[PDB]
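Colleague: build the 3D model from these lines:
(one chain, ligands or ions: 2)
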Amino acid sequence: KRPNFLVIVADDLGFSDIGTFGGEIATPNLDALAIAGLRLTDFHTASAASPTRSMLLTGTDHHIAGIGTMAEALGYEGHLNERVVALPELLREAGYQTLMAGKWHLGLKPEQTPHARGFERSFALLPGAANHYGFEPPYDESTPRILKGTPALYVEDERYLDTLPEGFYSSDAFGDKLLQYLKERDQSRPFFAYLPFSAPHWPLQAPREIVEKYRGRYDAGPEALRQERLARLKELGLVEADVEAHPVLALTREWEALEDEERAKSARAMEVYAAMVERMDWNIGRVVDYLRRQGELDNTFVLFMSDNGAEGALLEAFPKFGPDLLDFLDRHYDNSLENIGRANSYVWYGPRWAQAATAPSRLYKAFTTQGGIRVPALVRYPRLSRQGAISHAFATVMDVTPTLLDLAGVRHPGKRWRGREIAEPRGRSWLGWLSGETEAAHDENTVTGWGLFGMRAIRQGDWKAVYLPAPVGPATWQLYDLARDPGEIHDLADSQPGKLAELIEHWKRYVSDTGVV
Ligand SMILES: O=P(O)(Oc1cccc(Br)c1)c1ccccc1
Ligand SMILES: [Ca+2]
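Modeller: Numbers count the residues shown, from 1 in each chain. Ligands and ions are numbered 1, 2, ... in the order given. The coordinates are given below.
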């Protein structure tokens, strides 16, 4: 009996959003998995979506894997490249049926789809985002660049779909298709099921009957929400009782300065966001419940994670996502209070709502601070001894591929594969740790880097240096002790210059080992 694998990925979901991670959002199915399983407080991705995915499915750094930056902002090919082999390719050759429904974000062309990169069945959104209901604006030269880059471009296997079924809603469709593939499976061989949702990613959109469950829940605003989330994190033991939260940084007006109408719309956005997450969770339950009734769940290793920190961006602030985003939305969408959440609305919830969900951490998605890279994760697999607990052991998304190969009885092919030279995993298997033999998969000497959009981080043990350029940081290296300062508040660069210079060496090594530009 070799295990099945179920890897579920939420898109821009925040660290404390779900119930068992401190949240008020209804997530009964993930909560059952998390309390019985092991929850992780020091698990890491990249600061953004496609880089994190490139890493999940190869076991090495996104700069090696082809996503050195996002395609949309151009191993810098803009897709998963031929210098790496992908987990599903490896498992498919060892007898696993490879199944996916969800967001891909690792290439748009035939030779780059899931069906080209190791999946026997796949239903995928290829770009980084799209309208959850398939409602499309007009496309021409003049359409905002951010909209031109996010059409509802789906594929099933090799067939690019020219229409979507009626009632299409992204999370419900991904639940539907993965269930179909599981029910159609060969019941006497194991599976690798990959369930990358595009929820709760903008535009924020969800069925009204779920949104209505949160009516008025967010009327006290995002600081009030942050205070609730931090109290609950502490109460549950997810964060140390006296942790100092990083201060909230935003260029928008604070809740109390806002006019009544603006508040009503901003709260309605966060109501919609909550319904996205509950509705995601509902589709996760349909899949998990089917596996359970089949007698398969207990020999399934289940991993759930978000792909980056919660999304604080103001899409109207990046004129390269335009020209004229807001004017185009005014003319083509209906963002009135009543309509927010339907197919022809288009909103994002902004920096303050997002910081409520990353607290105590500094900032959010697209930064190299812990706000952008520390994400919620859980593992439910009852053959592991380390279950029912909360672990603060350091771990990354690069650890997953090695772990699953290990569990599957499969050797990584080393440096050549299908007659091409290839990269070897930078992560470490979780099996010694999760099987209870060791306290963690890494130690006080483990070195890890990040670099993206001109920001840097370098970590060794619990020591981390960060580099944020202008206008979002001081354009210099800052040094943090994450054992004492999870908020990355107290810069130690002057009190501990030897430690920093050491980390700076490690950074140069990372640049040269990974090909960072
Ligand atoms: O994965 P994505 O959500 O990532 C980012 C990263 C930095 C800033 C922003 Br805004 C979105 C994204 C979605 C669609 C097109 C381009 C990028
Ligand atoms: Ca994402």
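Colleague: residue boundaries of the strands in the stretch 1-150 of the chain?
Modeller: 4-10, 38-40, 43-44, 97-103, 121-125 (DSSP state E, counting those that start in this stretch).
Colleague: reformat those strands as TSV; add mean neighbour count and distance to residue 277.
Modeller: The C-beta positions use only the backbone N, C-alpha and C, and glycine is treated the same way. Shown next, in TSV, are those (neighbours: other C-beta atoms under 10 Å; distance: least, C-beta to C-beta, whole Å):
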stretch	mean neighbour count	distance to residue 277
strand 4-10	24	8
strand 38-40	24	17
strand 43-44	26	19
strand 97-103	25	16
strand 121-125	24	18
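Colleague: using JSON lines, please lay out the ones you listed together with distance to residue 136.
Modeller: Below are the strands of the stretch 1-150 of the chain laid out as JSON lines (distance: least, C-beta to C-beta, whole Å):
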{"stretch": "strand 4-10", "distance to residue 136": "24"}
{"stretch": "strand 38-40", "distance to residue 136": "38"}
{"stretch": "strand 43-44", "distance to residue 136": "35"}
{"stretch": "strand 97-103", "distance to residue 136": "17"}
{"stretch": "strand 121-125", "distance to residue 136": "13"}
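Colleague: make JSON lines out of those strands and add distance to ligand 2.
Modeller: As requested, the strands of the stretch 1-150 of the chain are exported to JSON lines (distance: least, C-beta to the ion, whole Å):
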{"stretch": "strand 4-10", "distance to ligand 2": "8"}
{"stretch": "strand 38-40", "distance to ligand 2": "18"}
{"stretch": "strand 43-44", "distance to ligand 2": "14"}
{"stretch": "strand 97-103", "distance to ligand 2": "8"}
{"stretch": "strand 121-125", "distance to ligand 2": "12"}
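Colleague: minimum distance to ligand 1: which of those has it?
Modeller: With C-beta to the nearest ligand atom as the criterion, ligand 1 lies closest to strand 97-103 of the strands of the stretch 1-150 of the chain, at 9.1 Å.
Colleague: now that closest one against strand 4-10, angle please.
Modeller: Here strand 97-103 runs at an angle of 10 degrees relative to strand 4-10 (axes from the mean of the first three to the mean of the last three C-alpha atoms, to 10 degrees).
Colleague: now check strand 97-103, is it near ligand 1?
Modeller: No - with C-beta under 6 Å from any ligand atom as the criterion, ligand 1 is not reached by strand 97-103; the gap is at least 9.1 Å.
Colleague: strands paired with that strand, and their directions?
Modeller: Its sheet considered, strand 97-103 pairs with strand 121-125 (parallel), strand 191-196 (parallel) by DSSP bridges.
Colleague: run through who's touching the longest one.
Modeller: Spelled out, it's strand 191-196. 4-9, 11, 53, 87-88, 91-92, 96-105, 119, 174, 178, 181-182, 185, 284, 287, 307, 404 (C-beta atoms under 8 Å, 6 or more residues apart in numbering).
Colleague: can you tell me how far the residue lying closest to residue 339 once chain neighbours are set aside sits from residue 517?
Modeller: Once flanking residues are discounted, residue 339 sits nearest to residue 345: 5.0 Å by C-beta to C-beta, 6 or more residues apart in numbering. As defined by C-beta to C-beta, to the nearest Å, residue 345 lies at a distance of 38 Å from residue 517.
Colleague: when these two are compared, which one has more neighbours?
Modeller: residue 345 (22 against 8; other C-beta atoms under 10 Å).
Colleague: measure the more buried one to ligand 1 for me?
Modeller: 18 Å (C-beta to the nearest ligand atom, to the nearest Å).
Colleague: thought residue 334 was touching that residue, still the case?
Modeller: Yes - using C-beta atoms under 8 Å, residue 345 makes contact with residue 334 at a distance of 6.1 Å.
Colleague: near ligand 2, which residues of the chain show up?
Modeller: Counting by C-beta under 5 Å from the ion, the chain comes close to ligand 2 at 11, 12, 49, 307, 308.
Colleague: look up how far residue 304 lies from the closest residue to the fourth one other than its chain neighbours.
Modeller: Meaning residue 307. Distance criterion C-beta to C-beta, 6+ apart; nearest residue to residue 307, sequence neighbours excluded, is residue 52 at 4.5 Å. Distance of residue 52 to residue 304, given as C-beta to C-beta: 14 Å.
Colleague: likewise residue 474?
Modeller: Taking C-beta to C-beta, one finds residue 474 at 36 Å from residue 304.
Colleague: more neighbours: which of the two?
Modeller: Using other C-beta under 10 Å as the criterion, residue 474 and residue 304 rank with residue 304 on top: 25 against 11.
Colleague: dump the residue contacts of residue 268.
Modeller: By C-beta under 8 Å, 6+ apart, the contact set of residue 268 is 337, 340, 341.
Colleague: and which of those residues is nearest ligand 2?
Modeller: Using C-beta to the ion, residue 341 comes nearest to ligand 2 of the contacts of residue 268, at 19.9 Å.
Colleague: before we move on, which element is the closest residue to the closest one other than its chain neighbours in?
Modeller: Counting by C-beta to C-beta, 6+ apart, residue 341 lies nearest to residue 272, which is 4.0 Å off, once chain neighbours are set aside. Taking DSSP states H and E as the definition, one finds residue 272 inside helix 260-293.
Colleague: how many other residues sit next to the residue lying closest to residue 386 once chain neighbours are set aside?
Modeller: The spatially closest residue to residue 386, leaving aside those adjacent along the chain, is residue 434, at 4.8 Å (C-beta to C-beta, 6+ apart). Using other C-beta under 10 Å, residue 434 has 23 neighbouring residues.
Colleague: please apply the same query to residue 254.
Modeller: Residue 254 has 12 neighbours, counted by other C-beta under 10 Å.
Colleague: now stretch 27-44, how far from the centre of its chain.
Modeller: Centroid separation for stretch 27-44 versus its chain: 15 Å, with C-alpha atoms, centre = their mean, to the nearest Å.
Colleague: now that stretch: buried residues?
Modeller: Under the neighbour-count criterion of 16 or more other C-beta atoms under 10 Å, stretch 27-44 has 27, 29-31, 33-35, 37-44 buried.
Colleague: spatially central, which residue of the chain would that be?
Modeller: residue 307 (1.2 Å; C-alpha atoms, centre = their mean).
Colleague: give me the distance between that one and residue 102.
Modeller: Relative to residue 102, residue 307 is positioned 11 Å away (C-beta to C-beta).
Colleague: okay, and the common contacts of those two?
Modeller: Contacts common to residue 307 and residue 102, judged by C-beta under 8 Å, 6+ apart, are 9, 196.
Colleague: returning to that earlier point: contact partners for the residue nearest to residue 341?
Modeller: Going by C-beta under 8 Å, 6+ apart, residue 272 touches 204, 205, 206, 211, 340, 341, 347.
Colleague: turn these into JSON lines, including secondary structure.
Modeller: JSON lines is the format used below for the contacts of residue 272 (DSSP: H, G, I helix; E, B strand; the rest coil):
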{"residue": "204", "secondary structure": "coil"}
{"residue": "205", "secondary structure": "coil"}
{"residue": "206", "secondary structure": "coil"}
{"residue": "211", "secondary structure": "helix"}
{"residue": "340", "secondary structure": "coil"}
{"residue": "341", "secondary structure": "coil"}
{"residue": "347", "secondary structure": "coil"}
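Colleague: circling back to that earlier point, does the residue nearest to residue 386 touch residue 389 like I think?
Modeller: No - Residue 434 sits out of contact with residue 389 when judged by C-beta under 8 Å, with a separation of 10.9 Å.
Colleague: what touches both of those two?
Modeller: Taking C-beta under 8 Å, 6+ apart as the contact rule, residue 434 and residue 389 both touch residue 38.
Colleague: skip the chain neighbours and tell me the closest residue to the closest residue to ligand 1 within the stretch 101-250 of the chain.
Modeller: Shortest the stretch 101-250 of the chain-to-ligand 1 distance, computed as C-beta to the nearest ligand atom: residue-wise this is residue 128, at 3.0 Å. Nearest non-adjacent residue to residue 128, counting by C-beta to C-beta, 6+ apart: residue 105, 5.0 Å away.
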